[PDB]
């Protein structure tokens, strides 16, 4: 037990997973562990440099000989070079593919029997939904990792179902860094963005993929809007943006839906919101829910995946069946009309997420299993 030398690999900019992996490394470095990120040359935005937190980055070039940019090999070579230069104790890889495989290859290249934790975020299920070429790679990356974790219990279950492995998968929930998301409401920025100070605000934040079911979110909002003057803020960009814009026209809510594009400072938008919606068809955890909940925003989610673990239906928010804009709008109208209900769920919610998703508690759990695999 004690100080560890840790190599972390993730996609630092790809959604929730990259945020989680980065914030976890920062928490570990603030405790005094020696933390090495090894990623491709993708930006990070670290605010305070630490001498014990080093970001190693690799360029993936094509050369005229490779048919494809050799990400897996270039990354594995860089991980192995950090293992040798800094005598790393363990690797923490995010995603079975490509990153568990990269860590396994880097272990071979380094000649050191380093321990490997792999954390599953749900992308390995997504890949297999498109085609089964990688079925054997995902099974191998899971089974040759020393410890495997998943960001929800639902994801651990789904993994066993789809991958067909006896490998133990440890559910360890996601978290937000509490000082990045102060619990507070602020109406100062509302006018800037064309929202009247009193107006109710519903927010959704995502990559605008079809799996997010923004169609259900806009349909929900249209039903809300005819009872309650309100705005729907949609943060992000992606494949469904134009079809969703068109949907707001067909439902006659175009002037009330704000497509604000990608935003780095999401905290300030949660601070002006009244409800957060994540009605996804598939979702291992749902980090935007937790970011909003920590801010104090009461959530409505679907019952897909881990969302029903994040939200306690009827206690800290509401959960609806996938695609049920009737029930979602019913709950939203009640929450926007009923301050007693809103205050009660919000109070329950703030206590619950402190209890189950606090950054200190989750970091302790990862740290515990780092040490467990180092002692096996």
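Numbering follows the first chain given and starts at 1.
Exercise. As stated in the PDB record, which stretch has the larger average Cα B-factor, 132-140 or 222-230?
Worked result: Between 222-230 and 132-140, it is 222-230 that shows the higher mean C-alpha B-factor.
Exercise. Per the PDB record, is the mean Cα temperature factor higher over 32-40 or over 52-60?
Worked result: Of 32-40 and 52-60, the stretch with the higher C-alpha B-factor average is 52-60.
Exercise. What's the residue among 288, 152, 210, 191 with the greatest CA temperature factor in the PDB record?
Worked result: Among 288, 152, 210, 191, the PDB entry lists the largest C-alpha B-factor for 191.
Exercise. Looking at 81, 199, 283, 89, which has the highest Cα B-factor in the entry?
Worked result: By C-alpha B-factor in the record, 199 ranks first.
Exercise. What third of its chain's C-alpha B-factors does residue 122 belong to: lowest, middle or highest?
Worked result: It belongs to the lowest third of the chain when residues are ordered by C-alpha B-factor.
Exercise. Looking at the C-alpha B-factor of residue 253, is it in the lowest, middle or highest third of its chain?
Worked result: Answer is highest: the recorded C-alpha B-factor places it there.
For this session: Would you mind ranking residue 267 by its C-alpha B-factor against the rest of the chain and naming the third, lowest, middle or highest?
Result: Middle third, going by the recorded CA B-factors of the chain.
For this session: Can you work out whether the C-alpha temperature factor of residue 306 puts it in the lowest, middle or highest third of the chain?
Result: CA B-factor rank for residue 306: middle third.
For this session: Just say lowest, middle or highest third for the CA B-factor of residue 357 relative to the other modelled residues in its chain.
Result: According to the entry, residue 357 has a C-alpha B-factor in the chain's middle third.
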